[PDB]
Structures are given as structure tokens and as C-alpha cells.
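Okay, structure first, notes after.
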Amino acid sequence: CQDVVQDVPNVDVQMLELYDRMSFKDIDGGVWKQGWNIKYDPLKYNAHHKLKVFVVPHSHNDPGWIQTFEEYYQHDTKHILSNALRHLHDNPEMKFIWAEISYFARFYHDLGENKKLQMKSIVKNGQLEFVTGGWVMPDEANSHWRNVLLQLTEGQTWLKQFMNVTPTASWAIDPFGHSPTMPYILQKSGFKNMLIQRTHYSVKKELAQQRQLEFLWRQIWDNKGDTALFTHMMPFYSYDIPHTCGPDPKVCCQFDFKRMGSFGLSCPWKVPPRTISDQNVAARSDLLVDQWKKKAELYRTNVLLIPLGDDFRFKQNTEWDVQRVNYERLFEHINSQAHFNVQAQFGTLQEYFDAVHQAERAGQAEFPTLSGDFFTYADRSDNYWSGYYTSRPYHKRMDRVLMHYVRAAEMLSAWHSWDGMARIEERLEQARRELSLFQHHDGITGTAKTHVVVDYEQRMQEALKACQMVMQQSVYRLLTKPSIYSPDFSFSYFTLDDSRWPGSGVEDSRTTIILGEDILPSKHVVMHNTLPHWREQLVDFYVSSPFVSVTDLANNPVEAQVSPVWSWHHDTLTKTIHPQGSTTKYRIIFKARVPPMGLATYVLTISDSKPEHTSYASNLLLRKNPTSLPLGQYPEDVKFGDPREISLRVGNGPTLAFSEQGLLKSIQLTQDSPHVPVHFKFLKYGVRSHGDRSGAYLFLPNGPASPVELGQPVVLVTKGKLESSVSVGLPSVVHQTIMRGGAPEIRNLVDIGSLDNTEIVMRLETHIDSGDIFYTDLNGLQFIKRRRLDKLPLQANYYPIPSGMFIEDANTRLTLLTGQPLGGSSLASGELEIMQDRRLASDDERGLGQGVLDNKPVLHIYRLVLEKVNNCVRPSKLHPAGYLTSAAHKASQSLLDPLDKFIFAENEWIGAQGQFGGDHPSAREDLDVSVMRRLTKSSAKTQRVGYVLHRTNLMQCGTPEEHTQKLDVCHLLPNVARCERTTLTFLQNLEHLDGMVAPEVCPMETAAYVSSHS
Ligand SMILES: O=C1N[C@@H]2[C@@H](O)[C@@H](O)[C@H](O)[C@@H](CO)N2C1=O
Ligand SMILES: CC(=O)N[C@@H]1[C@@H](O)[C@H](O)[C@@H](CO)O[C@H]1O
Ligand SMILES: [Zn+2]
């Protein structure tokens, strides 16, 4: 295993270092506004060294943006694809590339057999080529690597089955910034080449000047280079035709033949395109070839890539003709005029890459190596796209919840082969596809129109229902005596109970377990643990009585804690935000111990009085002029008091101190240790009255944030043996700090209401000597070192916080883990801040046509970990990466993949069993079975189950952490006949594993295996 901590990779271009050196000056470079006047030696080419030009026709189709997926399909895409089939069939030399498989699949299944055969033929002959082959062209900032792989697999699996092809070249022309997580996954999925476009204009200029636009992109910790994937970065401002033929858009626009009038399009540079004729082809070619030759000066080979397309292009038949015939005339002239020394033709992306590498092997070019990412993107001036790291936070949080339900549903149902009548495969396919669709760069990014966001939400809601159905049917089968099991595939044996989504204060949807002497004395509940190691975790349920006790299936009592059900209300009358307690609903909390990738059953029983093993939390409402708070049967009376600082400590864990406004002020790890200053504070950012306005994409603050006026907020303190908390009703936010014995959990019920042109940020102020350094993660896969640059505006220092961020000095580190992707940064030494929500009144001129005024209450969740790290073996100062500690990683897992809770629906569960998976290996803490999915339907003689195994890297800080069993995924199911290592998409076998054993992976490595069973 390569060491991912101690060896600083030696690369030609390291983005953090590059950023440190760059001046980022935004000067007018001429026709190429953000570049310079490119010059080339005409004698560079001759009959012995020609310029090979590949014009690649394409059509960018958004699976939702200003119209819904289905709306675009009916209005544009089905026509584009139908005419593409016709035109490519009739013109053998014409080419076309396609990226979004969600649309292709939607179109394909509506075709007759005659057309399906014609389609298979033009793909087979190379005219129609799929690039990337994912369900969508995913966002690369907010997306979790697990979902990026999910959507890639959904698209490629469909392609292999129906088109018999698997793309090895990726095309990403629209994501707003790019992440190294992509080459990571692609390289492990058979890819050999990739292309990106949206990168900071300053970076494009810098790399173009050194001809480093094509590079071998390796991971920041990879010293050997085995993760390297050849990458091509386009050099200009856009992927449209005016910005892809050469440096001068005024000239290139003349070669977009759809802009002549009848199509309702024109050239903003004022010179229209002109139909090519024998009388002007020489002058036209001279202009075009000159553009090509200038673009060619930016690359290292004599092979040039010229994309030809734009949004939803190549729709009308007349459009196909106008682009094809005119370019055909240019090619004939150019290719026959020796003095040009050019050979131009229509081609595909793979053809371009193949030619480049043939040149490379001929020794005409040596490519540079590069590590780092391409955030935060800016397309012009100070317009940085850091706003979408937070836009529509409700759906960003929903993405993470569905991510987990999909994993749990596929895993729980994978243990058995199911009858088609169970509709398991059906429901799972829908769930995977709806979540996959949302990975689109206008989905999770929060940059779509309001009705399109509603469509995505509806689709995800259906996906959640689908996973619940599969999950509960699975639990019933896994925990019911075989000879008793009698399933009704349409029946709900269990109901999922989720305490954090939509969340308290967002939607009152969780069911209360109703117990009563005259109705039902007890109820069975089941917990599921998707993680490959034993796990204990407090779980809670709503019960109709406070006198409830818990036991496991062996009837052993389990220590429990009952607390009231508190809900906050903005009191329209008194004009205050205060809590109300339930008088008929209570929360029971207890620790559930669940096997690796397994299940554990518990029983809740009612009694007339306080049961021996159940304690009751105390409650303190702090504020002036309080009123009574009755709680029905609740044993203890609520206490009151004037606002005052308070301190709490659950178990033998950390001691937390709070201000009189209910906000964290300090943390004391041990009774010896000092009270470390850790202050939570809420501030607001505004919008400029002059210049450009912030919108769904852009973050253009009107200076540093200003503190939110808190007034005298009401604070509620709940103190219990197992769980305690401090909640405060602040303007726009009900802030809660929960303590269960270890790292505290933070929950924010965010309701920005009608506060227009306001962005709410949560900041942590400490004394940590972090300087200008901080760390943020990329797609929940790796942590990259960031350096605050004062030479760049505030918004440029904001980065995606998909799962976590941290700051540290020689001895102390503060890590904030998130349960949803949001934007954040460290604007000053010792600080950390993350945006909660943003309501913007205007459009930010990027095509959306609206501001963001559809905010809705959302429950954001986090874990705050303060740790001493002076004893940890950390990377040297020059290393571009950072790594979490064991505690921080486990805290992240508690947020992203919590235990699942099921409540038995009926009154009696006959044949109920107490546990499943007790014999499953409890793997090392840094190892995870990211995906478990049965790949075969019941009718297959040889059953196949695929597994994706990921091992992160945790810092060694002096903790013995030992005794754990080896996990061999290939033996998790009986009767294994063979074990093979496959690409991450399970589509290609790479190794036949001897002994049928799947070996564990190295730190930061990800592997996929498929076990076959007879
Ligand atoms: O013409 C445009 N093309 C891209 C779209 O494809 C869309 O997904 C982007 O959000 C949006 C970002 O500006 N886009 C445009 O305005
Ligand atoms: C779809 C089909 O049956 N056609 C075959 C395919 O099975 C085979 O894998 C491929 C090799 O690339 O050659 C095609 O002609
Ligand atoms: Zn797009």
C-alpha cells in the first residue's frame, strides 16, 4: 500500500501552489478577452507536419433546468434524438456525441424495433458516440462520491445492456467547477480520458501560456501516479460555437450556421454567419483555419479538438442540414488546398483522444502531471460561483437522506433473491434513477426554476417511499421464522421512523407508538446498521405514555430515558419564539446495539408507573416573564429562570458551557483540561446595491457579514442521563446543541422567512492558530488543504463543504461535519463558517431568469469535534491533503449513515426473531461496504452480488485501536462459486480471485467485487 500521508507527490502543476503564485489579474486581452493575442509560425506546418482537426458535433441537454426533464423531453430532446437518428443514418461521415443517458433511455424505450435496430447500428459503426455515459452530467461540488458512482453505473449499465458499449472517454462541459473525485472514479471504472470546461479564467490563461491544458490528473496524495487520468481542459469562456473554434468569438460566431435569422438566433459581435459557396469558401476557410491554428498553439500535439454545439442543438432537420452542408464545403476546400497543411473532418471525442495519444507515442509530445481541484469557479471579473454551494438547501439535505435510504434498501434486499411479484427490482430501479437524476448540475446545485425544483422533490419523495417499501419487506423476511413467513408484497409490516428528516419543525410526520392497557401493551421496533462493524447508538421513538420500558428480544432490560416532545413556535401575538411541550406524546431514548450490516429487535412496554430502568430528563426554560408549561403525564415539572450562562456534561464526556443566549462558548474535553473557547455565532450577508447581484449561482456579498440581532431569545435546557441539550429560538433559526456523551450534535431548524437579499451564516470563533489554512472535503471522499487568499474577494474564498471542514494548529483541531452540502470558509485565523440558507430577490444573469425566493424550513445537522492533535502523525507542511481522526470520521458516519428504525405495524409479530447478522465480520473502522447490490434477478441459475469497498485514511494519534476481523465480502453469502474484482460499475471483470476471497483495500482506495453463487 502506498503511504498517503508522508510522501509529498512531485507534480508539474499543483493547484494550491499555483494559486499561491498567480496574480489573477483581469485584463482585457483583446478579441480573446481573458487571454492574449495568439501568434503562430506559419511555417510550423507543411506536407510533413499537418494539423489534424476533429470537429465534434454535440448537443447539451439539461435533465431539467428552466423546464422539467419531461418538459424538455417532449419539447426538444426527443426531436433532437429522432432527427439525429435520421441524419446520421443518411450521412455516413457525419458524427455526433451524446452524454445524458437519462434522456437516451427515455427515448429508446419509446422506439419501435425498426428504429432501435437503426440506432444500434449507428452506435456500432461509430457515428453516434456516448461520452461518459452517466445518467446525467453531475454537479461536482455538492455531490457525494457515492451518488456520482450511482448515476454513472445507472447510465453505463443501461448502455451495456441496450447499446453494447461502455464509454472510456468523459465529457463534462457544464459543471460549475471540477473535482478530482471524477478522475478518481472514472479511472477505477475503465476510463482512459476526460474533458472539462468550467475552470477559472485566470487558470485557463495560466495553463494555456505553458501549454498545460492537457495533463495527467492524479490524486493529491498519489506519489506513484497510478490514479492518473489524461485530462483535456478547454481553453475558452464557453462551450458554445463562438468560443470553441478559436480565440476570437466574433469570427467563430460566423461558423455557427444556425445563427442566420430563420432560427431566431444571431451573432452579438454583429457579423452574421454566411452560407458557404464556391465564391467565398477560400476567404471563409482562411478565416477559420487561422482560428484553428491559433487554438492549436495552446496544445502540445498536431491534433486539434473543435467542439460544434450548444444547448439543445441539432433539433430541426434544417439545422442538421445547415451545419453539415456548410462544414462539408469548408472541409473539401481546406483539405484540398495543400498550402493549408490541414486535414479536417467530423469526428468523435474518442477519435480525438486516440489521435492525440498516437502522436504522443510517436514522441511528438510529453504531458505534464497535475494534482488539485478547480474550485471556486469564476467565469468573468469577480463573479465567483460559490452561491450554488448553498442554494435550495432543503433539497441538498434531502439528497443525503435519499443517498442513505438507497444504500440501505439495496443492501437489506440483497440478502435474498426475490420473486418478481415482490416488485423489488422495480422499486429499487426507480429509487436509483430519481436520486441519479438529482445529481444533475441544475439539480442538487439548486439552480433550477421553482417548478423544476418541485419536480425533483416529488421524484425524490417517491424514491423514499420506494426504499421504505423494499426495506420493510426485507426486515420482515430477515427476522421472521422461515416456516411462518407469509408475505403480502403490498402490505406494510413496518413503518420507518426518522427523527431527522424532514425533521421536527419542518413536518410532523413521524408516527407515535400508541400503547395502552385497553389497546396494546407493547410494540416491537427494529434497528438496521448498514455499516460493516458493530455499532451502538442512541435511538428515539415517540410514545403515547411516559411510563415505557425497553428490553431486547431476550427480555433483558435496557436503560432508557424519557423526555418531552418540544416544538417551537413563532408567537404572532407576543412576538417571541418559545417552545411548547406535548401533553400526549413523549420521546423515549435508549442505546441500540446492532450487528455489522445487520438488525436488532427491541420491545417497548407500557406500565402504570415509572419503570425501574427508565429515567426522566429535567427541563429548564430560561427567559423573563415565563408562563407555565404543562406536560400531561410527564413525571417532572418544568423549571424556570432568568437567562443565564449554563454548563452541561453527559456521562464522562466533554463539558460544554453556553452563553445566556443559549450559544456554545467553550468546550472542556476532560475535567483536567482547560475550557477551550469555541463560540457559535450567527451572522448575515447582504446583496450589493450597485454592480452585480447575488443569485442562485453567484455569491456577491456587500462586505463581511453583520451579526444577527438576537434580542433576548428563549432558551430551553433539557438534562438527562443519556441525552441533554440546549435549544434557542433565534431569528430565522432554532439552534440546538445535543450531547450524548461524545462529540456534540448541532441541529439548525432554518426558516429564512421573507428576509430578502439575505444569506444566513453560522460561524465558529476560536483561538486556534490556523492562520490562512483550512481544510474542506471533496464529495465526501477526501479532504483538501485550502489557503485563504486576500488577493481574491471574499466569495472566492468560499468552498464546497459537502461533508466536512476543519482548522488546526500544532496542538488543537476543530472539525465540523455536515449532514448536507453547504458553502463555507475560514475568513480569519481560528474561524470556520458555513452558510445555512440564502434568499435572493434578483437574477444573477446566468440564464435562470429568477432569484431564489422559494425557501422552505430545513433541518441542518452537524457534529462538532474538538481534539488535541499534537501527537498525531500528520502530513508535512507541503502536502496538499489532510485526514480526519477516528472520532471525526465516526461522527461523519453518524450523520450520513445512521441506524435505521422500523416500527412493527400490526399488533402482534408472529415468529419474530431478535437479531440478524450476528455472525457478520466486524471490519476495521476505516473500511466501509459503500455498496451491496444483487446484480441478478431470481430466474438466474448463477446469482451475482456486487460490492463496493472503500477504505478511508485515518490519522494515527496514539490509540491502540486493535482486534478487528478481516472482511471478505465474497463469503457474506453462502455457496460461493467464484469471486472477481470488477470495475466500480461492476461491468467488467478485472481479476479472478483465488480461493474466492476478496482482499481488503488500501487506504484511500476503492475496489469492487462480485461474488457468484450456485
Ligand atoms: O446557456 C447556458 N447553458 C448552461 C445550462 O446548460 C445550465 O445547466 C446552467 O445552469 C446555466 C449556467 O449559466 N447555463 C446557461 O446559462
Ligand atoms: C451486442 C452483440 O451481441 N454484438 C457483439 C457483442 O456481443 C460483443 O461483445 C462485441 C465485442 O465488442 O461485438 C459485437 O458485435
Ligand atoms: Zn447544463
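Going by the C-alpha cells order, chains are called A, B, ..., each with residues numbered from 1, while ligands are numbered from 1 in the order shown.
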Exercise for review: Name all residues at most 7 Å from segment 932-936 of chain A (count only C-alpha atoms; drop same-chain ones fewer than 4 positions away) and give them as a list in words.
Suggested key: residues 410, 411, 414, 940, 943, 944, 945, 946, 947 and 948 of chain A
Take the selection from the previous step and output its residues with N, CA, C and O atoms, as a tab-separated table (two decimals), in the first residue's frame.
chain	number	residue	atom	x	y	z
A	410	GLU	N	-30.95	-1.27	-1.01
A	410	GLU	CA	-30.24	-2.22	-1.86
A	410	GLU	C	-29.54	-3.28	-1.02
A	410	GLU	O	-29.50	-4.45	-1.38
A	411	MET	N	-28.99	-2.87	0.13
A	411	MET	CA	-28.29	-3.82	0.99
A	411	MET	C	-29.25	-4.79	1.68
A	411	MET	O	-29.06	-6.00	1.62
A	414	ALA	N	-30.63	-7.27	-0.77
A	414	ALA	CA	-29.63	-8.09	-1.45
A	414	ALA	C	-29.40	-9.45	-0.80
A	414	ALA	O	-28.89	-10.37	-1.45
A	940	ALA	N	-32.07	-16.36	-12.63
A	940	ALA	CA	-30.70	-16.71	-12.99
A	940	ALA	C	-30.12	-17.83	-12.13
A	940	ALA	O	-30.07	-17.71	-10.90
A	943	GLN	N	-26.39	-16.74	-9.22
A	943	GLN	CA	-26.69	-15.44	-8.64
A	943	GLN	C	-25.41	-14.65	-8.46
A	943	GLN	O	-24.37	-15.21	-8.15
A	944	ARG	N	-25.49	-13.34	-8.67
A	944	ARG	CA	-24.32	-12.48	-8.52
A	944	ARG	C	-24.63	-11.30	-7.60
A	944	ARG	O	-25.69	-10.70	-7.70
A	945	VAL	N	-23.70	-11.00	-6.70
A	945	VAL	CA	-23.86	-9.88	-5.78
A	945	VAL	C	-22.62	-9.02	-5.86
A	945	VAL	O	-21.50	-9.51	-5.72
A	946	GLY	N	-22.82	-7.72	-6.09
A	946	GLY	CA	-21.70	-6.81	-6.20
A	946	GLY	C	-21.48	-5.98	-4.96
A	946	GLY	O	-22.43	-5.58	-4.29
A	947	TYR	N	-20.22	-5.72	-4.66
A	947	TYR	CA	-19.86	-4.92	-3.50
A	947	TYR	C	-18.85	-3.84	-3.85
A	947	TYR	O	-17.93	-4.08	-4.63
A	948	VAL	N	-19.04	-2.65	-3.30
A	948	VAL	CA	-18.06	-1.59	-3.49
A	948	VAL	C	-17.45	-1.37	-2.11
A	948	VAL	O	-18.17	-1.07	-1.14
Exercise for review: Could you please extract the residues within 9 Å of ligand 1, counting only C-alpha atoms and all ligand atoms, and hand them back as a PyMOL selection string?
Suggested key: chain A and resi 60-66+173-176+238-240+310-312+440-442+445+447-448+697+845-848
Point to revise | Contacts with ligand 2 at most 9 Å, only C-alpha atoms and all ligand atoms counted, listed as a PyMOL selection string | key: chain A and resi 120+124+160-165
Check your understanding: Running DSSP on the backbone, which parts of segment 5-112 of chain A land in strand (DSSP E), as a ChimeraX atom specification?
Key -> /A:13-14,51-60,96-98
With N, CA and C atoms retained, write the just-selected residues as an mmCIF file, in the first residue's frame.
data_model
loop_
_atom_site.group_PDB
_atom_site.id
_atom_site.type_symbol
_atom_site.label_atom_id
_atom_site.label_comp_id
_atom_site.auth_asym_id
_atom_site.auth_seq_id
_atom_site.Cartn_x
_atom_site.Cartn_y
_atom_site.Cartn_z
ATOM 1 N N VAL A 13 2.233 20.508 -11.936
ATOM 2 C CA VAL A 13 1.293 21.544 -11.540
ATOM 3 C C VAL A 13 0.519 21.074 -10.319
ATOM 4 N N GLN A 14 0.615 21.832 -9.236
ATOM 5 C CA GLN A 14 -0.112 21.515 -8.015
ATOM 6 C C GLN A 14 -0.961 22.759 -7.817
ATOM 7 N N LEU A 51 -1.908 19.683 -39.599
ATOM 8 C CA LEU A 51 -2.744 19.877 -38.430
ATOM 9 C C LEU A 51 -4.003 19.039 -38.655
ATOM 10 N N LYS A 52 -4.237 18.062 -37.783
ATOM 11 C CA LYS A 52 -5.414 17.200 -37.875
ATOM 12 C C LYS A 52 -6.517 17.829 -37.024
ATOM 13 N N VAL A 53 -7.653 18.138 -37.648
ATOM 14 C CA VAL A 53 -8.755 18.780 -36.944
ATOM 15 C C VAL A 53 -10.006 17.913 -36.850
ATOM 16 N N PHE A 54 -10.487 17.719 -35.625
ATOM 17 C CA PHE A 54 -11.694 16.940 -35.396
ATOM 18 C C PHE A 54 -12.807 17.860 -34.925
ATOM 19 N N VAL A 55 -13.832 18.020 -35.760
ATOM 20 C CA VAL A 55 -14.987 18.847 -35.428
ATOM 21 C C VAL A 55 -15.999 17.868 -34.852
ATOM 22 N N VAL A 56 -16.305 18.038 -33.570
ATOM 23 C CA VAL A 56 -17.212 17.145 -32.860
ATOM 24 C C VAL A 56 -18.575 17.758 -32.557
ATOM 25 N N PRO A 57 -19.597 17.367 -33.329
ATOM 26 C CA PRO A 57 -20.955 17.882 -33.136
ATOM 27 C C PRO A 57 -21.521 17.377 -31.813
ATOM 28 N N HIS A 58 -22.150 18.268 -31.057
ATOM 29 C CA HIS A 58 -22.735 17.885 -29.780
ATOM 30 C C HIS A 58 -23.960 18.726 -29.451
ATOM 31 N N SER A 59 -24.737 18.257 -28.481
ATOM 32 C CA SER A 59 -25.948 18.945 -28.051
ATOM 33 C C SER A 59 -26.074 18.818 -26.536
ATOM 34 N N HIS A 60 -25.960 19.942 -25.838
ATOM 35 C CA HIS A 60 -26.051 19.930 -24.385
ATOM 36 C C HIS A 60 -27.511 19.900 -23.935
ATOM 37 N N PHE A 96 -21.738 12.496 -34.085
ATOM 38 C CA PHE A 96 -22.494 13.142 -33.007
ATOM 39 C C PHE A 96 -22.184 12.458 -31.672
ATOM 40 N N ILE A 97 -21.977 13.240 -30.617
ATOM 41 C CA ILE A 97 -21.715 12.642 -29.305
ATOM 42 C C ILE A 97 -22.892 12.902 -28.374
ATOM 43 N N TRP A 98 -23.149 11.959 -27.471
ATOM 44 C CA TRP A 98 -24.257 12.069 -26.520
ATOM 45 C C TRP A 98 -23.811 11.764 -25.086
#
Exercise for review: Quick one: everything within 10 Å of segment 99-103 of chain A, counting only C-alpha atoms, minus sequence neighbours fewer than 6 positions away in the same chain. Send it as a PyMOL selection string.
Suggested key: chain A and resi 58-63+69-70+72-73+77-78+81+129-138+151-152+154-156+158-159+167+170-172+433+436-437+440
Exercise for review: Find the residue from A:582, A:766, A:633, A:197 that sits nearest to ligand 3; use only C-alpha atoms and all ligand atoms when measuring.
Suggested key: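 Counting only C-alpha atoms and all ligand atoms, the residue closest to ligand 3 is A:197.
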Exercise for review: Pick out the residues sitting within 9 Å of residue 146 of chain A, and hand them over as a list in words; count only C-alpha atoms, and ignore anything fewer than 3 positions along from it in its own chain.
Suggested key: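 Selected residues are residues 143, 149, 150, 151, 403, 779, 780, 781, 930 and 931 of chain A.
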Practice item. Using only C-alpha atoms, determine which residues lie at most 8 Å from residue 479 of chain A, disregarding the query and same-chain residues fewer than 4 positions distant; provide the list as a VMD selection string. Key: chain A and resid 475 912 to 916
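Here atom CA of residue 722 of chain A and atom CA of residue 609 of chain A stand 20.3 Å from one another.
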Practice item. Identify all residues of segment 270-519 of chain A in alpha helix (DSSP H) (DSSP on the backbone) and supply them as a PyMOL selection string. Key: chain A and resi 281-296+317-336+349-361+393-414+424-438+450-478
Study note, to complete from the structure: Correct to one decimal, the distance atom CA of residue 689 of chain A-atom CA of residue 844 of chain A is 13.4 Å
Point to revise | Residues near segment 587-594 of chain A, cut-off 8 Å, only C-alpha atoms, skip fewer than 2 positions along chain, as a PyMOL selection string | key: chain A and resi 527-529+534-543+546+548+550+558-565+585+596+598-600+722
Which polymer residues have any atom within 9 Å of an atom of residue 900 of chain A, counting only C-alpha atoms, with same-chain residues fewer than 5 positions away left out, as a compact mmCIF listing (two decimals) with N, CA, C and O atoms, in the first residue's frame?
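Output contents, as saved in around_20.txt:
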# COMPACT_ATOMS: atom_id res chain seq x y z
N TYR A 405 -30.95 6.01 2.20
CA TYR A 405 -32.07 5.08 2.05
C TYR A 405 -31.83 4.15 0.86
O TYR A 405 -32.18 2.98 0.92
N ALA A 408 -29.32 1.55 1.98
CA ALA A 408 -29.95 0.62 2.92
C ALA A 408 -30.95 -0.33 2.25
O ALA A 408 -31.04 -1.51 2.62
N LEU A 496 -41.03 3.22 8.68
CA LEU A 496 -39.75 3.83 9.03
C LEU A 496 -39.99 5.01 9.96
O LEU A 496 -40.97 5.75 9.79
N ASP A 497 -39.11 5.19 10.93
CA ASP A 497 -39.20 6.33 11.83
C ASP A 497 -37.89 7.07 11.67
O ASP A 497 -36.82 6.51 11.90
N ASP A 498 -37.96 8.33 11.24
CA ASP A 498 -36.76 9.13 11.03
C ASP A 498 -36.89 10.41 11.83
O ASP A 498 -37.75 11.25 11.55
N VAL A 526 -37.34 -2.32 15.29
CA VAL A 526 -36.14 -2.93 14.75
C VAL A 526 -35.17 -1.88 14.21
O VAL A 526 -35.58 -0.95 13.52
N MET A 527 -33.89 -2.04 14.52
CA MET A 527 -32.86 -1.13 14.03
C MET A 527 -31.97 -1.84 13.01
O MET A 527 -31.65 -3.02 13.15
N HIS A 528 -31.58 -1.10 11.97
CA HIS A 528 -30.71 -1.64 10.94
C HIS A 528 -29.40 -0.87 10.93
O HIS A 528 -29.40 0.35 11.09
N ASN A 529 -28.29 -1.58 10.74
CA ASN A 529 -26.97 -0.95 10.70
C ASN A 529 -26.31 -1.29 9.38
O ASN A 529 -25.81 -2.39 9.20
N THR A 530 -26.31 -0.34 8.44
CA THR A 530 -25.72 -0.58 7.13
C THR A 530 -24.19 -0.63 7.13
O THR A 530 -23.58 -1.11 6.17
Check your understanding: Between A:443, A:822, A:755, A:235, which one has atoms that come closest to ligand 3, using only C-alpha atoms and all ligand atoms?
Key ->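 Nearest to ligand 3: A:443.
Take atom CA of residue 298 of chain A and atom CA of residue 251 of chain A: the distance between them is 18.1 Å.
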